[PDB]
Structure formats: C-alpha cells, structure tokens
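S.K.: Starting off with a structure, shown below.
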Amino acid sequence: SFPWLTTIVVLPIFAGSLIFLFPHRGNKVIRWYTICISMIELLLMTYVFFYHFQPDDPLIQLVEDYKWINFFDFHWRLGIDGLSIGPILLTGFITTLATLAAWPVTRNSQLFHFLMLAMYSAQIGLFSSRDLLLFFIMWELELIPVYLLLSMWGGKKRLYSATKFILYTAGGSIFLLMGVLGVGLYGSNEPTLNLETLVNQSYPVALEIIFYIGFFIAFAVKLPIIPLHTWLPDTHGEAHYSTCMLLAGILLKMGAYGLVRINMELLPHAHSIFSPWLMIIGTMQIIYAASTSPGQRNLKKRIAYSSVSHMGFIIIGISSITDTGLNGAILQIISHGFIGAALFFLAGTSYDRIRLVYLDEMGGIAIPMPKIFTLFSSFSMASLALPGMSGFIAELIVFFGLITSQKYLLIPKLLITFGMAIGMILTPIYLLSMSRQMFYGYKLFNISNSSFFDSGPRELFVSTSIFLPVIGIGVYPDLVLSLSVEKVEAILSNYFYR
Amino acid sequence: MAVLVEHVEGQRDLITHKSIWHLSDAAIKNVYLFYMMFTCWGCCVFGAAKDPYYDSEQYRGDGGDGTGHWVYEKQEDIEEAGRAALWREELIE
Amino acid sequence: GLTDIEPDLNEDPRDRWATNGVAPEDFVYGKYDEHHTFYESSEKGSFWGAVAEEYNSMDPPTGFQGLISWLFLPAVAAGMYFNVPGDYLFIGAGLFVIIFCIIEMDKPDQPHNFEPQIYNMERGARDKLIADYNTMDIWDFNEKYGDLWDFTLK
Amino acid sequence: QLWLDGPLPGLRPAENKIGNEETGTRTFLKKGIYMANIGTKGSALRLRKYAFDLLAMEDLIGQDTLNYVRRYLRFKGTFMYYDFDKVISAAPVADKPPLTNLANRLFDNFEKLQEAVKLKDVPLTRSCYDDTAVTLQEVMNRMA
Amino acid sequence: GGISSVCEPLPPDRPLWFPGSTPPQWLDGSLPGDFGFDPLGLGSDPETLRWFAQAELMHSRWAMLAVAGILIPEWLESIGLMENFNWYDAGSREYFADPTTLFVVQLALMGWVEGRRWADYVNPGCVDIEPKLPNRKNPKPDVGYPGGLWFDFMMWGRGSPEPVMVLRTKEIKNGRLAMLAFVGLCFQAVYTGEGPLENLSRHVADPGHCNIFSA
Amino acid sequence: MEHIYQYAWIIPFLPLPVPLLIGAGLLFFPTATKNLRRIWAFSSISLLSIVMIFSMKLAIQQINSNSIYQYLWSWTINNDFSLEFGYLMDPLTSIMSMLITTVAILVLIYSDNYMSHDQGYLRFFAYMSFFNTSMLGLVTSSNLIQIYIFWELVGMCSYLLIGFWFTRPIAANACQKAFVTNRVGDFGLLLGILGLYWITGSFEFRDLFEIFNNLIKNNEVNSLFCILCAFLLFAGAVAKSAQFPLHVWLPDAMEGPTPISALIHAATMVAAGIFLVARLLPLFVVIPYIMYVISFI
Ligand code: CLA
Ligand code: CLA
Ligand code: CLA
Ligand SMILES: CC1=C[C@H](O)CC(C)(C)[C@H]1/C=C/C(C)=C/C=C/C(C)=C/C=C/C=C(C)/C=C/C=C(C)/C=C/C1=C(C)C[C@H](O)CC1(C)C
Ligand SMILES: CC1=C[C@H](O)CC(C)(C)[C@H]1/C=C/C(C)=C/C=C/C(C)=C/C=C/C=C(C)/C=C/C=C(C)/C=C/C1=C(C)C[C@H](O)CC1(C)C
Ligand SMILES: CC1=C(/C=C/C(C)=C/C=C/C(C)=C/C=C\C=C(C)\C=C\C=C(C)\C=C\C2=C(C)CCCC2(C)C)C(C)(C)CCC1
C-alpha cells in the first residue's frame, strides 16, 4: 500500500534540492548531509529487498501506477523483479561509496553533491520503471548531471569529453525515442506504454526488426558495442574517479538492462534474428578492446578499454539464448560494477599523489604506496577472471551458457568458445604489464612521501568494501543468481515453441 | 542414504558421499542486510576519521581541491602569473 | 608535479614497454630491495600497544559517538542471531546514521575543508577565519566574510 | 548451417508412453536443458547417477528451501525422464513393460513431490519424497 | 639495540605467589618462573638450588610431553580417528616385544643420553654435539638449555622473538601446569574410572554435581 | 575407517587463516602485525604439521585398503545448470599431499632463516601458506572445475612469489612472463574442459571416463574433436610443468627467492602437470594419438 519505490526514487533528488538552503561554507556539512541521505536511501532499499521482494516470484512486484498524462496514456509506473533488484542494490551501494570517496572535493561541493543525489535518483528511477516513456525520461535524466560533473571536476580534456558524451548519448537516445514512439503507437485502439501489456504484443517480422534496431542503436551507444564505443575512452579517462564509479559501474550496465528488459523480453523474434550476429560482434569486441588496451599509455584509458572488453561477455550472454547465459550476463554486470569502479577509484587516488598520467614514467610507486599496490593487484586479479572472484564465475557461466545453447550447432559454438579464450590470453598481457609499469622497479622518492602518502582509512575502507562482495560471490555465486533464476526463466519462456 | 558404492572390475571401488545443500533465501537476505549495515557503519566511522594526505599541506598547499584537473590548471596559472609578474616589474620600472 | 621553470624536453626516445625503475647494473641489491635492511632489536614494543597506537592515530570518534560506533555491529549481529524483528534493526541503523551525521556536522571545521583560495591566504588571516567560523553563527560569518568567497574580486 | 532460424525446440514428446495419460507430458519437465547424447549405456549410467543425486536431496527438504527442492527436482526429472525414454526405446521387447511401469511410478512420485512442494507442506513433502526414495532405489537396483 | 642472549633477572618487586609477603633471600629472580615460593626453604643451598632447577626443568618437559601424548590421542579417539585408545591400558597392550625387554632397551638408550646430560651438568662443555664448523663460532650454552643444530633448529632461543627469560618462564609455567595436570589424570583414572575428556564433559554439564564428592 | 575421510575438508583450509589474518593486518594494522614476525611463521609451520599428520594417517589407511572415498556438495543450484564441489581421496591424492606437506614444512623452516633480514617476511609466509592451500585444494579436487580453480590460484601464487622483490626489474619481467606462459596453458585447459563437458555432460572423473570409453568404443563421437580436447588438456600440463614449447617461464622463475624455487618449481607446482596427466590417464589411453604426442613432448 505504501509507495516504497516512489519514495526511493524521489528521496535523493528531493533531499539534494534542499542542499542549497545550507548557508555553510566548506564541504563538511554538505558531504555529511549527502552521506546521511545516501545511507538512509540505502537502508530503505535494503528494507524493500528484505521484506517486500520475493526472489521466487517471476512476476512484477511492488507495482505503483499513477496516471500522469492522459494523451500518451502515460503513467508513473514503478515495479521491481529479479532482474531489477540487483542493479538497484548495486546502484545504491556504488553511489553511496562514490559519495564517500568524493570527500576531498572542496570546489563547488554543494553542486557536486546535488548532482550525485540527482544521479542516484535517475539511475534508480530507470532501473525500476515499468513505463516505456518513463524509461525514456529516466534514461535522458542523466545527460546534464554527468556533463556538469565532467566539465567541472574532470581531467585535462574534460570539456571535449563532456561534449562528446552528451552528443553521443543524445544521438542514441533519439533512436530510443523513435523506438518508444513506434512501440507505444502500435495499438489498434489506443496507445499504450506499460511493459506488462506490451510483453504480449505481436508484431510483423519487419516492424519488429525496425523497432529492435531503433532500441539497439541506443543500447549500443550506452552499453559499448563496436563501433559505437568511441565516447567511452575519453569520457571515462578524463572524468573524476568518483564519477567514474557511476560511469563504469552503473551507467554502463543500463544498456544491458535495457537490452534484457526491452530487446530480449518485449521483442523476442527480432532478438532471435539478431543474436547470432551479436555473438560475433561481442567476440570481436572482446578481442578488439583487449588489443587496444596495451596500445594505451594512459592508465585510465587502458581501464576504460578493459571495461569495453568486459562488456563483450555480457553481449555474449545476451545473444546466447539460454537461462545460464542470461544469469552469467547478470553476474558479469554485478562483477564489473564491483571491479571497474574500484579500479577507477584506485587510479584516481594514485594520481592524486603521483600526479602522472602515462604509464612509462610511474615506476616504483609500490615503495611509498604499498597498500594501494596491494588493492590494485587484487582488483587486477579480479579483472583477470581469477577464481575466487566474481569475474571468473561470470565468464565460466557465460561459457557454459554458450556450450549448452541449442540455437547454435557445433562449429560456431567452437569458433566463439575459442574466441573469448583468446581474450583471456590478452587480458593478462596488458593488465600485469600495467602493474609492471606502475608499481615495479626502484625509484628514489622524496622523504615527505615516506609518511602521510599511502591510502588512509577512508580509501582502505572503500576498496575493502568493494573487494569483499567480489570474494563472496566468487565463492558462492548463488548469492546473486538466486535473485534472478526464476525471472530469467520467464524471459526464456518466450523463446521456445508454444 | 546419500551414499553410493560402485564396484568396477579391475579397479578400486568408490564410495561417494553426496549432500545437496543450498543456502535459504532468508540467509542470503541476511547476508545482504548485514553487508548494508556494515557499509553504513564503515561509511560513518571512516568518514569521521582523518585523511592523512588530503588534509595535509602537501595536497592543499599545492592548490589541490579534490578536482581531477587542478595540476594542469595550476601549472598554466603559474606560467601566466610569472608572465604577469614580469609585466608588473616592467610597469614599475 | 609542478614546475616553476620550463623543464628540459626529452631529446632521446624511451621504450614504452620497458620497466621504469633503475637499471639492473645500477641496482644496490640487498638495500634497494628490502632484503638485508631489517636487523632485529630488543626494543620491540607491545603488540596491543601498537594496536592502540594505530587505532588512536586514525582519530576515532570519542564519547557517545565512539560508544555507538563500537556497539553498532555487535548489536546488529546479536539481533540477527536472536531473531529479533528486523524493523527494529532498520530503525536502530537509521537512528545511528542520523545521530552520527548530526554529531559530525556539530564538529568544528578545519582549514582543509575550504577552497584552495581560502587555504592559501595569509596564515594569520586564515587562523582568524577558522577561529571565527567555529565561534559565530553562519549568518554573521556570511555577512562579515562573505566577499572573501567571491574569487573573482582579487 | 550455422544457427537455428525459428524458435528453439520445446519438450520433445516421449515415444515410450511414460508421460501422463491425460496430457502426454510430465509437469516437472523443463525446456532448454542441454542433454548430452551418449547412448543407451551412457543414459543408463546417467540415470543411476542422477537417481543417486535425487536421493542426495534429504538435506534440501525444509521449510525455507522448498524452491531449491523444486528446481533440482525439475532439472534431474527432465534428465532422468529423457534417459528413461532412451533406455526403454533401446531395451529388449520383453523388458519394455516393466521398465515403462517403473518409469511411470517414478514420474508419478515426482509429480506428487512437486505438488507437495507447491503447497509448502513439509510432512507431505517428506512422505512423497520417501515414496520417491524407494522408487529411486528400485531404479538404481534395476539399472546397476 | 640488538638481540641480548643473557637471562635478565626479575626486579625485586616482581609479583609473588603470596602478595604482601617477603620473598626468600635465596630467590632473587634469576631463575625462570621465580615467584618467591619456598615455604620449606628447600632452595637455600645454591648448589642444590641449581640441581632442583634442572630437576624442575626435566620434570616440566617430561610432563608436557606426557600430557600432550595423553590428551591429543584422547581428543582423536573422541573425534573418532583412534579406534581403541586408552592411556591407562596402553601399558598392558600387546606389542612386538615384551614390556621387560623393551624396558631394558629403553633403559640403555635413555641412560646414554641421561648421563651425557649428567656429564654436561657436572662439567659444562665437556660434551659438545653442535658441530665445530671452520669459521662458525658456537656460542656457549647454559646448562640445561643446550641446542645448536639439533635441539634448537629454530633459533627461537638466544634472544630471538621473546627474550630468553620470558620464554624460559613460559616453558616453566606450562611445565608446572602439565605436572599438576598429569598427577590429576593419574588420580582421576583410578578414582572416576573413566577418561579425562569424559570427566571434563560430565563436569561441564551440571558442575554442582559430578565432582570429587560423587566419584 | 570412514571417519578420517569425512574430516578431510580441513586439509586445504587449515593453512588459510594465517594468510587471511596476515593480509587483513598488513592492510589495516601493519606495525602490530609486523611485531609478530616469527610467531606467524611458526603458526604456519604448526598448521602444516597438522595437515601432514592427517595426510600421513590417510596414506597409511589408503595403502592397506581397497576403497576410494569421495565427498560432494551442490555448489550451485539453478534451473538450467548445477555445479558440484568436493574432495576425492585416491592414492594419487595421498601421494601428492604427502609430497607437498613434507617438502613445504621444510621450505617454511628454511624460509624462517632465509628471510631473516628481509622486511617482507609476513607477506612471504602468507604467500607460501596460500599456495599450500591452493595446491592442497588442487590435489584433492574431485571435478575438473575445481581442478581449474586451484590450477589458476596456484599460478597466481607463483606470479606473486616470483616477483616478490618488485623493485628488481628482472623479477618484474619474470613474474609477468611466468603468468602469461601459464595462462596459455590455462586457456588450453579451459577449452579442453568445456569440450569434455560438451562431449560427456559431466565433470566427475569416473563418470567422464566411463562415458568417453562408451562413446569411443561404439563410434558415437568423431575422433578429431576428442584428439583436439586431449591436446588442449595436455597444453595446460605442458605449460605448468614447463615443457616444450612452453618451457620459457621456468628459467626466469628463479628470479624469486630460493625456497620458492625449491617448493614451487621443484616439487609441487611443476608436479601439477604430471598430476593432471596421471589423473586424466584413463581418458588419454583410449584417445588414439595423444600418448605418442605426450611421449614425444
Ligand atoms: C591442573 C588443573 C586440573 C584441572 C583443570 C582438573 C580438572 C578436572 N578434574 Mg582433576 N585433579 C588435579 C588437577 C586438575 N584437574 C589434581 C592436581 C588432582 C589430585 C592430585 C586432581 C584429581 C581429581 C579428582 C579426584 C577428580 C577430578 C575431577 C576433575 C574435574 C573437576 C571437578 C572436581 O571435583 O575435581 C577437583 C579435584 C581436586 C583434587 C582439585 C585439584 C586442583 C589442583 C590442586 C589445582 C588446579 C587449580 C588451578 C587454578 C588450575 C587452573 C584452571 C584452568 C585455567 C586450567 C575437572 C574435569 C573430578 C571428576 O572429573 O569427576 C567427574 C574428580 O572426581 N580431579
Ligand atoms: C618436580 C618437582 C619440582 C621441583 C624440583 C621444583 C623446584 C623448584 N621450584 Mg617449582 N613447582 C612445581 C614442581 C617442582 N618445582 C609445581 C608442580 C608447581 C606448581 C604447584 C611449582 C611452582 C613453583 C613456584 C610458584 C615457585 C617454584 C620455585 C621452585 C624453585 C625453589 C623451590 C625449591 O627449592 O624446590 C625444591 C623442590 C623439590 C625437591 C620437591 C619437593 C616436593 C616434596 C618432597 C613432595 C612433593 C609434594 C606433593 C607430592 C605434591 C603433589 C601434588 C599436589 C597437587 C597434591 C625450585 C627450582 C620457585 C622459583 O623461584 O622458581 C624457580 C617459586 O617461586 N615452583
Ligand atoms: C610448552 C612449551 C615449551 C616452551 C615455551 C619452551 C621454551 C623454550 N625451550 Mg623447551 N622444551 C619443551 C617445551 C617447551 N619449551 C619440551 C616438551 C622439551 C622436550 C623435548 C623441551 C626441551 C628443550 C630443548 C632440548 C631446548 C629447548 C629450548 C627452548 C627455547 C626454544 C623456544 C621454544 O621452545 O619454542 C616456543 C614454542 C613452542 C614450544 C610451540 C610448541 C611446539 C608444538 C607443540 C610442536 C612443534 C611443531 C612441529 C611438530 C615441529 C616441526 C616438525 C619437524 C620436526 C618436521 C625456549 C627457551 C632450547 C634452548 O633453551 O636453547 C636456548 C633447546 O634447545 N627446549
Ligand atoms: C611443597 C613445596 C615445598 C618447597 O618449599 C617449594 C616447592 C618444592 C616448589 C613446593 C612444591 C612442590 C610440588 C607441589 C611439586 C610437584 C611436582 C609434580 C606435580 C611433578 C609431576 C611430574 C610429572 C611427570 C614428570 C610426568 C611424567 C609422565 C610420563 C613419562 C608419562 C608416560 C605415559 C604416557 C604419556 C601415556 C601412556 O599411555 C602411559 C605412560 C607410558 C605412563
Ligand atoms: C588434568 C585434566 C583433567 C580433566 O579431566 C580434563 C582437563 C581439564 C582438560 C585436564 C587438564 C589438562 C591440562 C591443564 C593440561 C596442560 C598441559 C600442558 C601445559 C601441556 C604442554 C605441552 C607442551 C609441549 C608438548 C611442547 C613441546 C615443545 C617442543 C617439542 C619444542 C620444540 C622446539 C624447541 C625446543 C626449540 C627449537 O628451536 C624449535 C622446536 C623444534 C619447535
Ligand atoms: C551483490 C550485491 C551486494 C552483496 C554482496 C555480498 C552478498 C557479499 C558477501 C560477502 C561475503 C559473504 C564474504 C565472505 C567472506 C569474506 C572473506 C573471508 C574475506 C577475507 C578477506 C581478507 C582476509 C583480506 C582481503 C584483502 C583485502 C581486503 C584487500 C587487499 C587484498 C586482501 C586479499 C589481502 C551488495 C550488498 C554489496 C550491494 C550490491 C549488490
């Protein structure tokens, strides 16, 4: 009866709108108020997941429907299931930790924390939206906060990166809007935008293919798909590391979530048509990004291309029409949200001390900064698909989903299985080299770098608190999969003969 | 009960013990809940803690502000300030 | 880093993939690598003394804040073990978060909390600024040192 | 050919009349499960092994873990259903009626166990699983 | 500054067995586990004090080995990795030889080394077992605390991690505890008619009963 | 009889608390942890001694018996997939566990005095104990997934220990070279495991061997795929045992400290390839050309 999801969506942006009533200077009160709001919201989502979400239910849960515009038949409609609660919890966790890690920011702290809370609200509103136009609105609601965060707290090339990001996202999202208009106006009697009634809609093959292309262009601009990935390297490389958490851990997974929710669920026939061509694209994306990563002298650009490489396993699990492949895609979503954010955070904190960019001049950092060396090595191992971490089990489950797939027969099933395997040969080749060019060797450092130079309690806590779920999922993957084994099956139930 | 013995000719016999065990969804929710409260506690405690580098003079004295581009802007600013100081010195003299 | 003088440009190229440390022929083995640089000493301090020193160096919360920050996690673990209702746990966690954040807002401000322009003024003027900001109300401070935050004025 | 064009094939009907009389198929069957093609000997070995795996499910039966009981039951039930179909289809004609009767009793026990799990009734689940247990022990004794 | 390999005597205000009392004049804290406990004055003579210190050390080590060899196999039997262990009945079991000939062989073998130890106590340094390598210098060991390659292959003594006095008092205290433990086990095996861990189990449950006063 | 095997999960997981506590301390309480240097080493030695005593009792039981004991549990329960984890105690496992424990306790005792004046003492012993845990998990593994998990974990420990002195540039190159050379073998081993799962449908050794023998003897599978999977499986053994053509990592693996050279590249890690080939020998026997390839290599 109580509007839980509406309260969860509204609370961060509504609380951040009141951050301008504070007449205090500095950043202390602003950052403590922002972390209070973030932790209260996190506890609210924890209560919702604990007491009102049932992982055994394949249906929509905690639905809320309020008619907002009559002409479009447009409703503020919210609802969660096994697909959305994982991204919602990840969004809350990563956004709270990014607010905590953005504490040295003393320039325009009020606007920074307001934009962080706005990003919180927009991501949560996207992940819990059951209306197509509401989905599009929540998709669009992050162009301005990320643009401002990039252009006001980014790197050397922040302005060009922000312009490229906003223009690329608008270019994808106009195709998203065209797909929304096409799907929502297909009704013979009246327009409809609810996903529940749209999941039973029947389209001709050509119109379904056109709608799939219209949605897929947007979901390939957002989730990096070759060759619509060029915004990502300069956007993530020249962004603040706290913003890089949201960019590489949350915003990248939104394209995959839209692919499951819309392309995979609403339009199954066009998805079955397009998936074998998506498999080759994902494998070539893995190889292409894992080969582009050694060519990048910049550390953050290398990490961004690593993120592009890791998105290929999600693409494969999407295109492999099995329950196991979709479960592996969700597991890789969670694993990458836990790995890329921490890697970007460590890179930013290390740059705040070393103040160097290109890898060929950052030797010997392990001598003054051993703890950040340890965390960087551990998160590289997590990136390396090492067992005991979530990445290995995610890639293994994706491999199993391909092997167990019934759509493909033998030879492609070989040539793709070999394919990503080449990727996990290329993934060490730069990553360890990165460490070898960033921590190994001897350099004579200043005496002032002997003390008060390593990561403090806050950075250690952030890295540990993102590292622990990685180990917890790599040991017991069903800490995540059990939330979405049922709903994924329902998503697969439309892909078989009926 | 949950124990199977297989005999193979020319091979040592095998005794297999099996236990199909899985965590309940309540236990998983408890793990998630405890990790959320641990995250909140750590955020509070380690935000209340002192930061050895970001509160130091080595960071704030150089012009740091938590912003990722302060180094390049500070460099261009000190070159422009040197040129302006030369202009001031030539104006005074 | 930052250079007040334009640095000499690199005339000779360097390999990108090479290790950035010193040359192996210039490496002082046993010293540069900490392999023969730990000689023991009878003067080793207490283990628990080291634990207390490391904990106190982090500047822990003290008093009621220290009490709640110490007693939060064992209370949550005991409540989850004793099968007490979880709504009470959520109420306690929210109350702890709000109380902790309010107490932290009540704590005085330090020089590192402000802008680099405020940090890099005259040290005596900065000390007077910090002393006033923690003493008078925020409205009096804003009506007295407001123009110091117009960074285009100077 | 590289990939299938239409929708993926569903539950292939058994040709040994081991399904339900009214429907022609069993409720615990799950579509999309990859069954490896080994042959009659491999199907018999997998049948015995998976009967042992389902007899390893005493621990999973509880008030909190009935969904995992249902999931494991559906998975292994599809596996042993199609393995039983394979071994009956390649059995001698004299041995087909008893094998079909044993399979029918085992799958009726599977349906009763799934029905008990659905109502979240634990004593009913235990009794139905005990009947399933004696049937599975009979299955491994037959197929050793 | 470095590693001191000499025992440091305890200060005269060290904790005592009976606080508020005057420690005896022959117990100045130079021995391990020195708590000033000598009501009968048995350590008045320094030579007999040295002999009694060596005897206490020997009894300590034998008692610790004894209690370990009682408890760990008993803890394994209760777990289930030992079929029929019983330390009381262990002496009357059937082995490859009679107890008498085994006792004679043990007497000869042990009276070799106990007698080499006697010669070392009477004449320190008369018997040396640590090798005299060409340029390695062998430090002079204390009587009753030998050990180079064989007895101290860890180099945990001679001032390494804990000072020699600290580790020696630790050894002596664990030894006294083990002597008391072994005498308790010997009396319990004939009083309760049961094993040690079983007696502990029936004492932990309802400790008001199942005691010395209920057999 | 059956009691000892039940409590054998303790064999890989007994050294683990020392690396866990050392890592947590050295990341959070460095001075307090470093105050207990030789104490940590002796704790590792005592835990490995307990593991060695258990393994000796297991070996003595295995010599005078005609039974192999396997324990399994359901790691993952999904609608489409299900994974298992457990331990198998066959004579090869007992032999390997005896070899590992007996060499490793002496290596720990040696490392106490080898790194007497080093500052990375605690990190060194944490790395060694974590390798011991990984290798003991590898030799007692019951399915191919667990084998691959502890295979890659052992490779990770070797990478960490070879480049122990990270300030040395030669070790800096050598650790990465060793990890990549072993990762080629890991890629081959994973491909072989996936192919074996596709052909058979199982990861357990006995069931996979019986299924493969039935398939080969009745000509129900093409021989080229079987030979390819066997060669891919043997590639991992070639890489980890440092054989042709993936032998290049072994000479550079000696840029690490000598006890690591002994324990890792002399007795245990280089024996992982031999252990894997001997474990998969009933599979390789029926496959036509793979035994000649193994002998030629
Ligand atoms: C050294 C420590 C020690 C310990 C922990 C135990 C432990 C146990 N004894 Mg044993 N016992 C000991 C020495 C010890 N004993 C000695 C020295 C003797 C006689 C010379 C006995 C003779 C004995 C008898 C006759 C009986 C037990 C029994 C028991 C139980 C206690 C109940 C009781 O009635 O006995 C108390 C008996 C005494 C004679 C007291 C002796 C205490 C000595 C002098 C000092 C120990 C104190 C010191 C503070 C120890 C530290 C405690 C802890 C930190 C280890 C318990 C399992 C009982 C049993 O299990 O019945 C079911 C029982 O019947 N014990
Ligand atoms: C094995 C025999 C043994 C021996 C030889 C010694 C010897 C010594 N003790 Mg140690 N001690 C022992 C066991 C022994 N102890 C035990 C079991 C305890 C715990 C109760 C202690 C606790 C202790 C303390 C607290 C202190 C010493 C100290 C001393 C030193 C001076 C006292 C003396 O002159 O001893 C001469 C001793 C003997 C010749 C033994 C005579 C015993 C008579 C003849 C009979 C035995 C009594 C009876 C059977 C006990 C049964 C057990 C009981 C629970 C019922 C000397 C090195 C002092 C020190 O400075 O440390 C170095 C001191 O402060 N001891
Ligand atoms: C119970 C504790 C104990 C303690 C604290 C001491 C303390 C002391 N002893 Mg004594 N000692 C003991 C029991 C003990 N001893 C026993 C039972 C004996 C008879 C065998 C001796 C006989 C003895 C000799 C002959 C020598 C010492 C020496 C020393 C010093 C070495 C440090 C030490 O031992 O490590 C402290 C830590 C431990 C005792 C931990 C317990 C060991 C566990 C239970 C087992 C060991 C693990 C594993 C099985 C061994 C490696 C396997 C390998 C063989 C393959 C120190 C002053 C040396 C000396 O004083 O020279 C200066 C000397 O060489 N001791
Ligand atoms: C009073 C007084 C007085 C003065 O003034 C001072 C003083 C002297 C200090 C005081 C005190 C005293 C005392 C109390 C003492 C005590 C002692 C003891 C108890 C000992 C034991 C001691 C003890 C000991 C050695 C022990 C030993 C043992 C042994 C070998 C054993 C063996 C065995 C075993 C294992 C097991 C098996 O199955 C059997 C057998 C084979 C049998
Ligand atoms: C009686 C009773 C009764 C009831 O019924 C129950 C109860 C209660 C349980 C009981 C009680 C008990 C007790 C208390 C006991 C105690 C014990 C001890 C102390 C032991 C030790 C014990 C101890 C021990 C073994 C020890 C040992 C040791 C050793 C070998 C050493 C070695 C070494 C050395 C020298 C040196 C080098 O460099 C090193 C090494 C090589 C390392
Ligand atoms: C999905 C999700 C989640 C969940 C998660 C989980 C469920 C977790 C669990 C977890 C667990 C259940 C865990 C367990 C255990 C663990 C452990 C046991 C660990 C250990 C560790 C150590 C001891 C150390 C470590 C380290 C560090 C920290 C870093 C450096 C390196 C090293 C490795 C040293 C959350 C809520 C976040 C939110 C979002 C979504």
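Within each chain, counting starts at residue 1; across the structure tokens, chains are named A, B, ... in the order shown, with ligands numbered 1 upward in that order.
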Neighbouring residues of ligand 6 are defined here as those with any atom at most 7 Å from a ligand atom, counting only C-alpha atoms and all ligand atoms; list them as a list in words.
M.R.: residues 86, 89, 90, 93, 334, 374, 375, 378, 463, 464, 467, 468, 469, 471, 472, 473, 479 and 480 of chain A; 28, 31, 32, 35 and 36 of chain B; 20, 21, 23, 24 and 27 of chain F
S.K.: Find the spatial neighbours of region 155-158 of chain F, counting only C-alpha atoms, within a cut-off of 7 Å - ignore same-chain residues fewer than 4 positions away - and output them as a list in words.
M.R.: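 Near neighbours after the sequence-gap exclusion: residues 127, 131, 151, 162, 179 and 182 of chain F.
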S.K.: Distance CA of residue 136 (chain A)-CA of residue 115 (chain A), one decimal place?
M.R.: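 Taking CA of residue 136 (chain A) and CA of residue 115 (chain A), their separation equals 19.4 Å.
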S.K.: Using only C-alpha atoms and all ligand atoms, what are the residues with an atom within 8 Å of ligand 4, set out as a ChimeraX atom specification?
M.R.: /E:37-43,58-70,86-91,176,178-183
S.K.: What's around residue 33 (chain A) at 10 Å? Count only C-alpha atoms, leave out sequence neighbours fewer than 4 positions away in its own chain, and write the answer as a ChimeraX atom specification.
M.R.: /A:15-16,19,27-29,37-39,113 /C:98,101-102,104-105
S.K.: Go ahead and write the residues just picked, N, CA and C atoms, as a compact mmCIF listing (two decimals), in the first residue's frame.
M.R.:
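Output file result.txt follows:
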```txt
# COMPACT_ATOMS: atom_id res chain seq x y z
N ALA A 15 15.98 15.52 -1.48
CA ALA A 15 16.90 15.93 -0.42
C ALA A 15 18.03 16.79 -0.95
N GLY A 16 18.52 16.51 -2.16
CA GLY A 16 19.56 17.32 -2.76
C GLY A 16 19.09 18.67 -3.23
N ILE A 19 19.83 21.09 -0.52
CA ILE A 19 21.23 21.32 -0.16
C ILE A 19 21.62 22.78 -0.37
N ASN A 27 32.97 22.09 2.87
CA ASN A 27 32.33 20.88 2.37
C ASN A 27 31.89 19.92 3.46
N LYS A 28 32.16 20.22 4.73
CA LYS A 28 31.93 19.27 5.81
C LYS A 28 30.45 18.96 5.98
N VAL A 29 29.64 20.00 6.21
CA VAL A 29 28.21 19.82 6.45
C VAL A 29 27.54 19.26 5.20
N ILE A 37 21.88 11.17 3.60
CA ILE A 37 20.80 10.89 2.66
C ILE A 37 21.07 9.59 1.91
N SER A 38 22.32 9.40 1.46
CA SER A 38 22.67 8.19 0.72
C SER A 38 22.52 6.94 1.57
N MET A 39 22.96 6.98 2.83
CA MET A 39 22.84 5.81 3.69
C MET A 39 21.40 5.54 4.10
N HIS A 113 27.46 17.50 -4.80
CA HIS A 113 26.67 16.53 -4.05
C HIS A 113 25.22 16.52 -4.51
N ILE C 98 21.76 8.88 11.41
CA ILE C 98 21.36 10.28 11.58
C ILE C 98 22.12 10.92 12.74
N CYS C 101 25.82 11.50 11.76
CA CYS C 101 26.00 12.60 10.81
C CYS C 101 25.73 13.95 11.46
N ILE C 102 24.74 14.03 12.36
CA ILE C 102 24.46 15.28 13.06
C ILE C 102 25.63 15.66 13.97
N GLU C 104 28.72 14.78 13.56
CA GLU C 104 29.82 15.18 12.70
C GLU C 104 29.62 16.59 12.14
N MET C 105 28.38 16.97 11.85
CA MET C 105 28.10 18.35 11.48
C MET C 105 28.40 19.30 12.63
```
